[PDB]
Amino acid sequence: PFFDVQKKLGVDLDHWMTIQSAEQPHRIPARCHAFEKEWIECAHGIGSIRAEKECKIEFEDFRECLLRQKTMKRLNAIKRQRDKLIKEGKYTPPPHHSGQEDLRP
Amino acid sequence: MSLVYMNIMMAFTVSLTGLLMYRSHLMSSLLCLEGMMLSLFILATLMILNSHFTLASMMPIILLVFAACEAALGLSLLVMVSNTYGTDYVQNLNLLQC
Amino acid sequence: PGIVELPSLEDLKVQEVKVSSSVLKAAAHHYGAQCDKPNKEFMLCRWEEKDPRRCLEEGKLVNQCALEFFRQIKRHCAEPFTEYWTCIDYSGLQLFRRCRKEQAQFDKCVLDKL
Amino acid sequence: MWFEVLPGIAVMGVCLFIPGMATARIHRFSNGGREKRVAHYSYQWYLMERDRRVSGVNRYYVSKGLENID
Amino acid sequence: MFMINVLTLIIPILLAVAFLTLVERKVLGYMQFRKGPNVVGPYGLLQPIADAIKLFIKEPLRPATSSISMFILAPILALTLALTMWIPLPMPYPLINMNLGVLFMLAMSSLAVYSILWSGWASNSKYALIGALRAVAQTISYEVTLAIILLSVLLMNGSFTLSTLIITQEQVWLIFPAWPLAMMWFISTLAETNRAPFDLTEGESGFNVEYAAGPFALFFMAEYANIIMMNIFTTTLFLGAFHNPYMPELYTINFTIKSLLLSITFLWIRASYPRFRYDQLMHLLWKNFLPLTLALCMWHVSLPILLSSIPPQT
Amino acid sequence: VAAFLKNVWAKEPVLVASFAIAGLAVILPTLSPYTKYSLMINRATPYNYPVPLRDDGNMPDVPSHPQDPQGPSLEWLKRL
Amino acid sequence: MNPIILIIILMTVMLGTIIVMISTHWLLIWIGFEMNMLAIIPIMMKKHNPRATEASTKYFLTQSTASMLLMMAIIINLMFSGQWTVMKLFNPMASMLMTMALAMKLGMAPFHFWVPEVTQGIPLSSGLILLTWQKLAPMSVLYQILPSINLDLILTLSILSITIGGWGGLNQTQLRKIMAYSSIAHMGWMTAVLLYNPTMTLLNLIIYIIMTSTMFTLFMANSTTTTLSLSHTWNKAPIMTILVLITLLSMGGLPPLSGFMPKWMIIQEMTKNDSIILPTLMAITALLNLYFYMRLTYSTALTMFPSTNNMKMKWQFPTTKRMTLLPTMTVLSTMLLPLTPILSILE
Amino acid sequence: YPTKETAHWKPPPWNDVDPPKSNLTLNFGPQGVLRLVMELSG
Amino acid sequence: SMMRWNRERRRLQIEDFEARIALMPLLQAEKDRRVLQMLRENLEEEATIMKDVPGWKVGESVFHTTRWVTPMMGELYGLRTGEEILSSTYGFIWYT
Amino acid sequence: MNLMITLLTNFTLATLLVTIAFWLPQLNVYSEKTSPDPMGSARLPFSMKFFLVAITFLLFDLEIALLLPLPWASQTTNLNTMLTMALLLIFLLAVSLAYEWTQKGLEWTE
Amino acid sequence: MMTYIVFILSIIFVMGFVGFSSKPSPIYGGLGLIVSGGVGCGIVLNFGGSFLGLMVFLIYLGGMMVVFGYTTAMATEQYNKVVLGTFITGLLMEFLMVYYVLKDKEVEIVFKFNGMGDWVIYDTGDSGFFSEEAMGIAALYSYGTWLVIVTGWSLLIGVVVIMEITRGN
Ligand SMILES: CCCCCCCCCCCCCCCCCC(=O)OC[C@H](COP(=O)([O-])OCC[N+](C)(C)C)OC(=O)CCCCCCCCCCCCCCCCC
Ligand SMILES: CCCCCCCCCCCCCCCCCC(=O)OC[C@H](COP(=O)(O)OCCN)OC(=O)CCCCCCCCCCCCCCCCC
Ligand SMILES: CCCCCCCCCCCCCCCCCC(=O)OC[C@H](COP(=O)(O)OCCN)OC(=O)CCCCCCCCCCCCCCCCC
Ligand SMILES: CCCCCCCCCCCCCCCCCC(=O)OC[C@H](COP(=O)(O)OCCN)OC(=O)CCCCCCCCCCCCCCCCC
Ligand SMILES: CCCCCCCCCCCCCCCCCC(=O)OC[C@H](COP(=O)(O)OCCN)OC(=O)CCCCCCCCCCCCCCCCC
Ligand SMILES: CCCCCCCCCCCCCCCCCC(=O)OC[C@H](COP(=O)(O)OCCN)OC(=O)CCCCCCCCCCCCCCCCC
Ligand SMILES: CCCCCCCCCCC1=C(C)C(=O)C(OC)=C(OC)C1=O
């Protein structure tokens, strides 16, 4: 049994912590505020069964923001190809990627 | 995902297998339990700090407080059984087989 | 999925405000007072569009206005401002309370000149 | 009489004056004749790194003022 | 370049410890109607050198230790934690500027009891173990009031940063608004470093009875470094000095004088009163110091709100 | 009620002082007239950016410049 | 034990259960669990004999392991979802860890090894508190997370619990161990019907709570902890023998008693989802629980075991125990079958 | 059903109370002078 | 004395914060231009490198949306030397 | 960076001093000693008082960990709530101390 | 190799966990747990959590493991193949996992892990004039009223419980 005492009484005992996109002190944003907001605006009011299938792409984007497996895999592939081309000797790194750029500001 | 997450999961699994196989003493079981809590602390803290979840930063303090109260209760129980039998061996806690 | 669009390297080209942190801190109040309109336009565009590629031109205008602010400072009040940002720059935490006298001198000079 | 404890207290006072004076002199010497800059928060560190990038020497205490703008 | 700073921090600590031994002997002598050492050198200036060489050529005890690992490790921890509690001290600029230097010091002081525990357990004597357990209990029980007093004092500062503690006392000394906390803090630091009238291990077995003369000297040197560090911390907390940003030598000389006076007050305390019993100091802590510390903690939480005097966060 | 206080102040003065300090600490902030000053000093500290609002046409209260007369004032903080 | 301290500790146990029931945050679920366990430990050690300390030690170790597994599942769910709302879980590993943590807390087989020893080592009132109140919170947490529960895992745990409970209770002579194995079998039934209709689980939980409370209250009323001391009751108070006979018949699910209704509705629900082998197997296995219940009724009510001489000295005095709510739960556990459609209030 | 494994299994006590299964002595030697033998209870 | 000095310190802190508020629009513009330049340079070098592999699209976003996402630290400094990586990621934490 | 350099320097200086303090009289060849506590072979007596004061310290240390963020928390806008929660926490500290006091918890180590 | 500092610290953490989890003796287990807690606090500090790492040092190590070793000194009177065997095999699985991680820059055991350095996940922006974790902890007295109430009640009840069960009556 889940007795919703808080909704019956109007108190707010643990809803402030329950999500990351909630009211945070000093208006500090999280890394995945937008993705979580979009996923919540999907799943609200349609139940879990419909929300598990209807706009799953919002949840995939949220999970990709959270854990970042695809970005890590893409960086791994790019760096592996760069290492292979560097060792076989047909790629020269640019000056700005070797610490000789004298950055903008 | 990341790598230090894998290391903290493997540390938790090592401490869990240590707890789940007693050797001789109850104190070693308590130490394995508290190492499990420490691994939970590190994992949750790293996830919360990397995710920039500001309001979740209070959770590991509450986790530490509650599990240290748990450990105080366990130490009191260990002291009671040591006063009963003269040692904290796990082979003396076998009266309730009958 | 899609292909992320980035501006070309010529669109990111602008001449910069090449001054240090204490030089910016010494004239920070007058920079906020004088150059407020393009800064607030850029900040409104930034908080509304949520995309720097849609605020590149406003940032360019912000750079132009700041550069003209410092050119106007250099024309009339170079020496008191130089002393003020020097004594600001000596401090480790860059305090405003350790340099009240030079601050008053710079404020008086720029009030009667500009 | 009682003033003979004073050589030992003087040696102790010298040995306690040494670390603070050495630290202040090292911080002033290594940071171009200025105090060591405090960076307790990320905004102050961002100002540190911006000043290092704008120095042109890769050195955060070489501060350039009105001589750089056109 | 930084290693020069580290070396000029840590070598004068050992020099000041040796001359603290000499100064304490001479001051106790002149306070007991006699003289201290004045034969070994001019006014005893060569006494620590002779004593150190004698202790470093002494025969070792060679005990039947239960564990040689922690027998080695206890002086290691004692000396490392004695030397590592100096790096966030502002003199007026700390060697390692820490955002949370005060709580870092609290963590190191709380960690310092493992030397006592391991030295007691490594020795085979059970009476040595009992003495070590009693010393550990006294040490942690005074850690409690150290933490509460530091927490209540910091509410006038606004952060845990040790360098801001100079800025807070730019107007008046912090002993004026927090003198009961200052008295309780001084007694708690006196009982923290195991000094008279709380040095129960010298009254009727110590925790390091089986330790050799060399490691005993290392333990004693760590204890004296702890004494000097605690007095410097007390001076920074309650007796802050005037710091000119163009002349740091003024602050260095001023707090050096004040901390030397506080350490001489430690030696003055140690030769005036009889020792406490164990239950008497437990009564003094759990039943006298703790309720007043809690009351003053509540007072110093609720006071800056009602005075519109919340210190700035940064 | 009256002799009890005298007896307990002659016998345990430390507990009397502790309880008196505790009572002062718990009844004084509700009685002082400076708590509201702490409230509006804490709420007037500018931690983050004051993001501007797009001018639709009807905001007489919102200033168009920092030096404009309309807007919140900290003269009470400057004087106190 | 002080009456006031006992009152505060009991309200702390109920406060922990309430905190688990009403909260929407996983950390608050964890906090309520530790508050409940920490407060209930001194109820077990009321008498201060080595058996109570041994039972308390085993209970503490099991609950701490289950609690650490629960925190692990919560942290994994936070890592893979970024939130803490008590609802369906977003990882199969988190779901498996949480399901096994709740199974360890409930004492279902094969995590059942702590239940009979712990129940034997503690008094009858604390054993009643344990086996009745301690199971309200894990079943509520299971009631909140059923979209994420693996079906094979929970059904395996259920059938294992039922078989192991029946086979374990076949051999016992102490009453507390019999009650523990009976509890294990009933939680097997409750989590068997969980994924199809949790309202049937709530109804079975309520009926089992009432029947267990009646049996334990009769046990402390007669101050009997063994089979033979219970068999002495016919020469002291035969109305109690009639009451334990009807309650033990109702505990076995024999119609038309009120214990028939939970398994009847569970079998009704399981056949709607085309599961016919499992309800038949569970009924055939519950025949073993009926067997040792009927053995107890043989030893207590339907025969007259020999008594001793001092039973006369016990005849000369009346009872003064506060048998609280004993007639109410005696009636409600036997003659509630004609009010079977009352289960719609639990939906 | 007693088996070979369940042969040493005694019944529990009637009151469920198991039996609980001295003080320190110190020899303060001569290390005026005096030897002491102390029977201490904590 | 503490009340007067702490009120003055609060006023000084407010002045410092409002100076930072006046400054930071320019820093925001500079940071945006710098990160856009870093992304453009990394994309061009990826176009130069990622050529032999079949079925590789240069500059393909990993998300299903076209909303701007704040770049990772490994997305900017992933193609540079280890000294800049150490100075950017662990530079603030390790600073004394 | 500089902090762990200083930590390593302190650790290696301490271990250097300890190594010289140990192994330097080892180079002496003084003698071989046979050597054949007031209690000879008595078991350590288990005292509930020392364990009780240890557990009381641990619990008060936990409530200290709760009390620690007060200087940061005093800067909140909700000052009435923060003041009430702080006073409630220190009042719970005082109540636990008073319960230990009244039930003879601080007895013979007062 | 300096970019892999948190990874190396995690390796030391899990190695200490293998060492103390082999249960050689309760005091040696306590020493290994103290070392592992120090290394884990180093991990948290290198990730940016100064306050949480200093809480680990102040409360876990300086305040609680002291109690654990203090109880260990009051039992387990002072003076194996299994301990060495499990230590060796745990070191073997650990170093095999490290080699398989670093050889292919990807691994799967239960979840999928990536072998790159863990500096990639960091955030490229600044936090302004405050630290985020300190504000999150400081919001306990303003937001976490209920959390404060339940934690303080549990602590007081724990004091009462410990006083109850150690009395023996
Ligand atoms: C750092 C600055 C310098 C610090 C001082 C250094 C020099 C002084 C050194 C003194 C000697 C030190 C060696 C001995 C140490 C051990 C003895 C010791 O300290 O015992 C402490 C003694 C112990 O008390 P006790 O044991 O005598 O108490 C008797 C208790 N019974 C009866 C149960 C036995 O006193 C205290 O603990 C008091 C602490 C300080 C109290 C400060 C109160 C401030 C005023 C509050 C308000 C009062 C008015 C009423 C309310 C008004 C409200 C508006
Ligand atoms: C930060 C500051 C720290 C300061 C620490 C030190 C403080 C005290 C400083 C020294 C005070 C004076 C010491 C004087 C010692 C005795 C000197 C002397 O005259 O010795 C004579 C002795 C025998 O000579 P002989 O030739 O036999 O005589 C026949 C002739 N009629 O000959 C001998 O015994 C042999 C020669 C001995 C020479 C000893 C000289 C002093 C040694 C001091 C060591 C420490 C120096 C400072 C180190 C730190 C700073 C660099
Ligand atoms: C290769 C060649 C070198 C070989 C190794 C030797 C290195 C140098 C060692 C020190 C010098 C050697 C001579 C030592 C003293 C010999 C002369 C002597 O006995 O002088 C006695 C004189 C005091 O006379 P006294 O008999 O005490 O009379 C009492 C008053 N009626 O005494 C005095 O006046 C004072 C004597 C002071 C001795 C020197 C100072 C102490 C040692 C300093 C160096 C070593 C320690 C450095 C610091 C270590 C850490 C503490
Ligand atoms: C028996 C074994 C041996 C025993 C003797 C030796 C060990 C014990 C004695 C030494 C104890 C050292 C404790 C080190 C951690 C202390 C906390 C700390 O580092 O605080 C300083 C700082 C946090 O302050 P903050 O100002 O916020 O940081 C800069 C922000 N701009 O944080 C930083 O600046 C972070 C810097 C990067 C991370 C540093 C990590 C250090 C290495 C890991 C821990 C080492 C000790 C391990 C063993 C523990 C004890 C067994
Ligand atoms: C409501 C205010 C806020 C309350 C919360 C905050 C409290 C802060 C202080 C915390 C103190 C914690 C410990 C308190 C223990 C009190 C109980 C006690 O110790 O009773 C025993 C003692 C007699 O001593 P004895 O039995 O011999 O014990 C051995 C020591 N001699 O008995 C005594 O000495 C008598 C103690 C009880 C009477 C004290 C009366 C003090 C009155 C001061 C003036 C009024 C202050 C305003 C508040 C109302 C107080 C009633
Ligand atoms: C979806 C569902 C949500 C939740 C719905 C509500 C669920 C209610 C669950 C009730 C659980 C009851 C737990 C056990 C009783 C609790 C009270 C207690 O502490 O009783 C023990 C106490 C010990 O006192 P002592 O004197 O030591 O006893 C030894 C004998 N001399 O005192 C005694 O031993 C006194 C002797 C009589 C005790 C009688 C206790 C009867 C309690 C159960 C009543 C019936 C169940 C509740 C109503 C129906 C709920 C479905
Ligand atoms: C690097 C090594 C420096 C030397 C060691 C520390 C200084 C020597 C302390 C010797 C000492 C002195 C002088 C001393 O007077 C004394 O009595 C209180 C001791 O304790 C019994 C001592 O240990």
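Residues numbered from 1 in each chain as written, not as in the entry; some residues may be left out. Chains lettered and ligands numbered in written order. Part of a larger assembly, values for the part shown. Heavy atoms only, no water.

Its PDB record attributes the structure to cryo-EM, giving the resolution as 3.16 Å.

What follows concerns the overall build of chain F. A count of helical and extended segments in chain F gives four helices and zero strands. The order of helices and strands in chain F, counted from the N terminus, is α-α-α-α. The globule rule puts the C-alpha radius of gyration for 80 residues at 12 Å, and the 24 Å found for chain F is more than 25% above it. When its C-alpha atoms are laid out on the principal axes, chain F stretches across 75 × 20 × 20 Å. Per-residue burial for chain F yields a buried fraction of 16% across its 80 residues. Accessible surface for chain F amounts to roughly 6000 Å². Of this, 62% is attributable to carbon and sulfur atoms. (Helix = DSSP H or I, 4+ residues; strand = E, 2+ residues; numbered from the N terminus. Rg over C-alpha atoms; globule rule 2.2 N^0.38 Å. Buried < 20%, exposed > 50% of the residue type's maximum accessible area, 1.4 Å probe, protein only. Areas by Shrake-Rupley, 256 points an atom, 1.4 Å probe, with all protein chains shown as cover.)

Right, let's get into the packing of aromatic side chains. Overall, the coordinates contain 53 aromatic pairs over all chains when judged by the stated rule. Ring geometry for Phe160(E) versus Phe51(K): centroids 5.7 Å apart, planes at 75 degrees, classification edge-to-face. One end of the pair, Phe160(E), is in the loop between α6 (126–153) and α7 (164–168); the other, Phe51(K), is in helix α3 (residues 50–73), on a second chain. Both residues of the pair, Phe160(E) and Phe51(K), count as buried. Ring geometry for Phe17(K) against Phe20(K): centres 5.2 Å apart, planes inclined by 85 degrees, an arrangement best described as edge-to-face. Taken together, the residues span about one helical turn, with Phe17(K) and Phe20(K) both in helix α1 (residues 5–21) at a distance of three residues. Accessibility expressed as a relative area gives 0% for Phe17(K), which makes it buried. Each residue in the set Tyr41(D), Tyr43(D), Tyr47(F), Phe17(I), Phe129(K) and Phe130(K) is aromatic and connected to the rest through ring pairs, giving one cluster. Looking at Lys36(D), its charged tip hangs above the ring of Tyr95(I), at a distance of 6.0 Å from the centre. Lying over the aromatic face of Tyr37(F), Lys36(F) brings its terminal NZ or CZ to 4.4 Å of the ring centre. (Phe/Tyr/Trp six-rings, centres within 6.5 Å; stacked < 30°, edge-to-face > 60°. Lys NZ or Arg CZ within 6 Å of the ring centre and 35° of its normal.)

This part is about the site of ligand 6. Residue and element names in this part refer to chain G. In the vicinity of ligand 6 there are 16 residues, among which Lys46, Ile129, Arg322, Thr324 and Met329 approach most closely. Look at ligand 6: alone it shows 1100 Å² of surface, and the protein chains cover 62% of it. When contributions to the shell around ligand 6 are tallied by element, the ones reaching two or more residues are α6 (124–133) and α10 (198–222). With five residues, the top contributor of residues to the shell around ligand 6 is α6. (Near = heavy atom within 4 Å.)

Right, let's talk about the side chain of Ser2(B) for a bit. Of note, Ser2(B) is situated in the segment before α1 (4–20). For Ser2(B), the side chain forms a polar contact with the side chain of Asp118(K), separated by 2.7 Å. Among all residues touching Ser2(B), those that are not within four sequence positions of it are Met72(A), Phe113(K), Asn114(K), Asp118(K) and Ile121(K). (Polar contact = N/O pair within 3.5 Å; in protein donor to acceptor, adjacent residues only side chain to side chain. Contact = heavy atoms within 4.5 Å.)

Around ligand 1, the structure places 15 residues, and the nearest of them are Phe186(E), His283(E), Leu284(E), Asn288(E) and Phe289(E). Near ligand 1, residues from chains E and F are present, making the site a shared one. With respect to ligand 1, the side chain of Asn288(E) contributes an N or O atom lying 3.1 Å from an oxygen atom. Protein contact buries 58% of the 1400 Å² of open area that ligand 1 shows by itself.

Among the secondary structure elements, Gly40(J) is positioned in the loop between α1 (2–23) and α2 (48–67). On the basis of relative accessibility, which here comes to 68%, the residue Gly40(J) falls in the exposed class.

Attention now goes to the nonpolar core. Counting residues in each nonpolar core, the largest one holds 482 residues, and the members touching the most others are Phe70(C), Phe81(C), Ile31(G) and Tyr60(K). Apart from the residues within four sequence positions on either side, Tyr60(K) is in contact with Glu34(B), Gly35(B), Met37(B), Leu38(B), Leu64(B), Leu33(K), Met55(K) and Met65(K). Ranked by size, the runner-up nonpolar core spans nine residues in total, among them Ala237(G), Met240(G), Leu326(G) and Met329(G). (Core = buried A, V, L, I, M, F, W, Y, C linked by side-chain atoms within 4.5 Å.)

This part takes up the interface of chain K and chain E. Counting residues at the interface gives 23 residues for chain K and 29 residues for chain E. Counting each side, the surface lost to burial between chain K and chain E is near 2400 Å², with a carbon and sulfur contribution of 74%. The largest contributions to the chain K side of the interface with chain E come from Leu54(K), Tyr70(K) and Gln78(K), which together make up 27% of the buried area. Between chain K and chain E we count zero salt bridges in total. On the surface where chain K and chain E come into contact, there are seven residue pairs in polar contact. Within the residue set of the side of chain K that touches chain E, elements represented by two or more residues are α2 (26–47) and α3 of chain K. (Buried area = accessible area lost by both parts, 1.4 Å probe. Salt bridge = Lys/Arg side-chain N within 4 Å of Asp/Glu carboxyl O.)

Using the criterion set out here, one finds 45 salt bridges over all chains in the structure. For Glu30(I), the salt bridge is made with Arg50(D), and the minimal N-O distance between the two is 3.1 Å. In this pair, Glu30(I) sits in helix α1 (residues 2–49) while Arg50(D) sits in helix α2 (residues 42–55), so the two residues belong to two different chains. Assigned by exposure class, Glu30(I) and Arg50(D) land together as buried.

Let us now look at the interface of chain K and chain B. On the side of chain B, 61 residues touch chain K, which itself brings 70 residues to the contact. Taking both sides of the interface into account, the surface hidden between chain K and chain B amounts to around 5600 Å²; carbon and sulfur atoms contribute 79%. Inspection of the region where chain K meets chain B yields zero salt bridges. Summed over the shared surface of chain K and chain B, the result is eleven residue pairs in polar contact. Elements represented by at least two residues in the side of chain K that touches chain B include exactly α1, α2, α3, α4 (81–104), β2 (112–114), α5 (132–138) and α6 (145–165) of chain K. At eleven residues, the largest contribution of residues to the side of chain K that touches chain B is made by α3(K). Per-class residue counts for the side of chain K that touches chain B are 43 nonpolar, 20 polar and seven charged. (Nonpolar A, V, L, I, M, F, W, Y, C, P; charged D, E, K, R; others polar.)

Our next topic: the UniProt feature "transmembrane region" in chain E. Residues and elements named next belong to chain E. Mapped onto the present numbering, the UniProt feature "transmembrane region" falls at residues 2–22, 68–88, 100–120, 147–167, 172–192, 213–233, 249–269 and 290–310. Taken end to end, residues 249–269 is 100% helix and 0% strand, and its two terminal C-alpha atoms sit 30 Å from one another. As annotated, residues 290–310 comprises 81% helix and 0% strand, and the C-alpha atoms at either end are separated by 25 Å. (UniProt positions renumbered as here; feature names shortened; annotations may be inferred.)

Compared with an ideal rise of 1.5 Å per residue, which puts twelve residues at 16 Å, helix α4 (residues 56–67) of chain A spans 16 Å between its outermost C-alpha atoms and is within 8% of the ideal. Elements that come into contact with the buried residues of α4(A) comprise α2 (33–43) and α5 (69–88) of chain A, α2 (26–51) of chain B together with α3 (50–81) of chain G. Trailing α4(A) by a residue or two, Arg68(A) shows a phi angle of about 65 degrees, which is positive. (Expected span 1.5 Å × (residues − 1).)

Relative to each other, helix α5 (residues 114–122) of chain E and α3(K) sit at 15 degrees, their axes nearing to 11 Å. Our classification of the angle between α5(E) and α3(K) gives roughly parallel. The hand of the α5(E)/α3(K) crossing is left-handed. Note on element contacts: α3(K) touches α5(E) through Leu61(K), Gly62(K), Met65(K), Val66(K), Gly69(K), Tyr70(K) and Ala73(K), opposite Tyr114(E), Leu117(E) and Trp121(E). Broken down by class, the residue content of the contact of α5(E) with α3(K) amounts to eight nonpolar, two polar and no charged. (Axes fitted to C-alpha atoms, helices over the stretch in contact; angles between N-to-C directions. Parallel < 35°, antiparallel > 145°, perpendicular 65-115°, else oblique. Left-handed = near helix turned anticlockwise from the far one by under 90°.)

This part covers a nonpolar patch on the surface. A cluster of nonpolar side chains, namely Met3(E), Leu7(E), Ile11(E), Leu15(E), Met1(J), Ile5(J) and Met2(K), defines an oily patch on the protein surface of about 540 Å² accessible area. Examining the composition of the nonpolar patch, we find that four residues originate from one element, helix α1 (residues 2–31) of chain E, more than from any other. Tracing the backbone through its elements, the reader meets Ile11(E) in helix α1. You can call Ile11(E) partly exposed: its relative accessible area is 46%. (Patch = residues over 30% accessible without salt bridge, like charges linked within 9 Å, V, L, I, M, F, W, Y side chains within 5 Å.)

Let us look at the state of the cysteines. Residue and element names in this part refer to chain A. Tallied over the full model, the rule gives two disulfides over all chains. There is a disulfide in this structure between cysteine 32 and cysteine 65, and the S-S distance comes to 2.0 Å. Between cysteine 32 and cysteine 65, the S-S dihedral sits near -95 degrees, and the bridge is therefore left-handed. Placement of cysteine 32 in the loop between α1 (5–9) and α2 and of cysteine 65 in helix α4 is noted, with a sequence separation of 33 residues between them. (Disulfide = S-S within 2.5 Å.)

Once that is clear, we can look at unusual backbone geometry. Look at the link from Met91(E) to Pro92(E): it is a cis peptide, with omega at -10 degrees. Tracing the chain through its elements places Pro92(E) in the loop between α3 (68–83) and α4 (101–111). Residue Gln94(C) is not a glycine yet carries a positive backbone phi of 55 degrees. Of note, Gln94(C) is situated in the loop between α5 (78–90) and α6 (100–113).

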